[PDB]
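Asker: This is the structure alone, sequence omitted:
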Ligand SMILES: [Zn+2]
């Protein structure tokens, strides 16, 4: 969990956005301006990322629930696979507004969702109508899109790992209102004050995003190793 | 032929909880962690490879292997494997005297086969009067265990057992008659009478199928080389 | 490790 200071360099973590869209608070992690862009300071970046990795690893050891948030369509797909690979659930694209807090109300939603899935191999064959059938399928699809990937949890998650943060400013606000710790791949235009582990990367290109996902994924497997057995053969 | 990467995936290295363990198996064990013993896979393969060689040797002389897997989980798994290699199997209780007491069990198989045809043909139907129900249900009970060896198989030349404790009754009768035995011994099973031994997780569905695969493979291969 | 400036150059 100590990704070479050079691997990210080729990944694209160094290229931010332009000044026209630059959070002035991010100054501590600046290196200059290539073609008037803003090149993140990787040397400043890297200790924080590896530190959060260790933090998230001790979490998974205490068996604290982790979570990830979907972003752009490419990001969402990538997030899903990494999550499913291990555990720690996953959001998809919308975050279903006030999921945290209205977690009891969305819990009833999850209940209804699972029942429908169960009754999707039951109610479908019997009493099927050219009208009701379409109703069932369509509603399930919508519910699944976002609610799917969280339905498993059956409770309040103990951590969150979003991407970019700015695109999900809503998610950080709710997480701050409960104590649930978070991690965010802040970019040159993202308010990081609410984050407890500022990862100054770049939510772009996916390539680099896949690096961050792969990284954390590995740390939570170390947590599972403490939850299963040590390396041997 | 199996590789370390093969087992490491299945989880063969996983061993029973610390408390439950026969100290006689300590050599086949590496280092216990998280109150669970971790088999030393490095030793598993070298012995498993030797055992696969031996199984190939047997099938050369067209010997009869018998697979024993009472464990409900692996029970159905053992059934399927024994079909591909056409070797005998027993996926239920290892009825006492299965080998030692051969005369009795042989008469039982005779009864079975006779009952089998009669009902299969249809004689049973005409009889009805609840006596037909009795003879069909008797077949079911007999087949539930006796099934798999019906086709003779008197005094096999080897027994492959998934567990080295639960089926202690089988791992004994064979020793009395001098029939070599093999077993996927875990960390809670006595390493006695097993002869060719194989430290392996005997619980996980994943790992049992691995063992079944490799053993079935070598057995049919041996038949083919003699052919 | 090589300096970031030289690497970016
Ligand atoms: Zn960006």
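Answerer: The structure has been received and is ready for your questions. Residues are numbered from 1 along each chain as shown, chains lettered A, B, ... in the order given.
Asker: Confirm that residue A:70 sits in a helix.
Answerer: No - assessed with DSSP: H, G, I helix; E, B strand; the rest coil, residue A:70 is coil; it does not lie in a helix.
Asker: can you count the residues close to it?
Answerer: Residues lying near residue A:70 (other CB atoms under 10 Å in any protein chain shown) number 25. To be clear about C-beta, it is placed using only N, CA and C from the backbone, and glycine gets the same treatment.
Asker: Tell me the spacing between residue A:144 and residue A:113.
Answerer: From residue A:144 over to residue A:113 the distance is 7 Å, taken as CB to CB, to the nearest Å.
Asker: Just want to know which of these two has more residues nearby.
Answerer: Counting neighbours by other CB under 10 Å for residue A:144 and for residue A:113 shows that residue A:113 has the greater number, 19 against 15.
Asker: Please point out which parts of the strand or helix carrying that one sit buried.
Answerer: With secondary structure defined by DSSP states H and E, residue A:113 is part of helix A:103-118. For helix A:103-118, burial by neighbour count (16 or more other CB atoms under 10 Å in any protein chain shown) applies to A:103, A:106, A:109, A:110, A:113, A:116.
Asker: Switch these over to JSON lines; also include distance to residue A:168.
Answerer: JSON lines is the format used below for the buried residues of helix A:103-118 (distance: CB to CB, whole Å):
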{"residue": "A:103", "distance to residue A:168": "17"}
{"residue": "A:106", "distance to residue A:168": "17"}
{"residue": "A:109", "distance to residue A:168": "20"}
{"residue": "A:110", "distance to residue A:168": "21"}
{"residue": "A:113", "distance to residue A:168": "22"}
{"residue": "A:116", "distance to residue A:168": "28"}
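Asker: now these as TSV including distance to chain B?
Answerer: Output for the buried residues of helix A:103-118, formatted as TSV (distance: CB to the nearest CB, whole Å):
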residue	distance to chain B
A:103	32
A:106	35
A:109	34
A:110	29
A:113	29
A:116	30
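Asker: I'd say residue A:59 and residue A:159 touch.
Answerer: Yes - in this structure, residue A:59 sits in contact with residue A:159. The criterion is CB atoms under 8 Å, and the distance is 5.6 Å.
Asker: shared neighbours of the two, anything?
Answerer: Residues touching both residue A:59 and residue A:159 by CB atoms under 8 Å, 6 or more residues apart in numbering or on different chains: A:66, A:181.
Asker: higher neighbour count, the two?
Answerer: Each of residue A:59 and residue A:159 has its neighbours counted (other CB under 10 Å); residue A:159 has more, 22 against 19.
Asker: Contact partners for the more buried one?
Answerer: Counting by CB under 8 Å, 6+ apart, residue A:159 has contacts A:56, A:59, A:64, A:65, A:66, A:67, A:180, A:181, A:182, A:183.
Asker: Confirm the last one sits in a strand?
Answerer: This points to residue A:183. Yes - assessed with three-state DSSP, residue A:183 lies in a strand.
Asker: and it, how many neighbours?
Answerer: 26.
Asker: on that earlier part again, please convert the buried members of the contacts of residue A:159 into ChimeraX selection syntax.
Answerer: Selecting in ChimeraX just the buried members of these, where the criterion is 16+ other CB under 10 Å, is done with this command:
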select /A:56,59,64,65,66,67,180,181,182,183
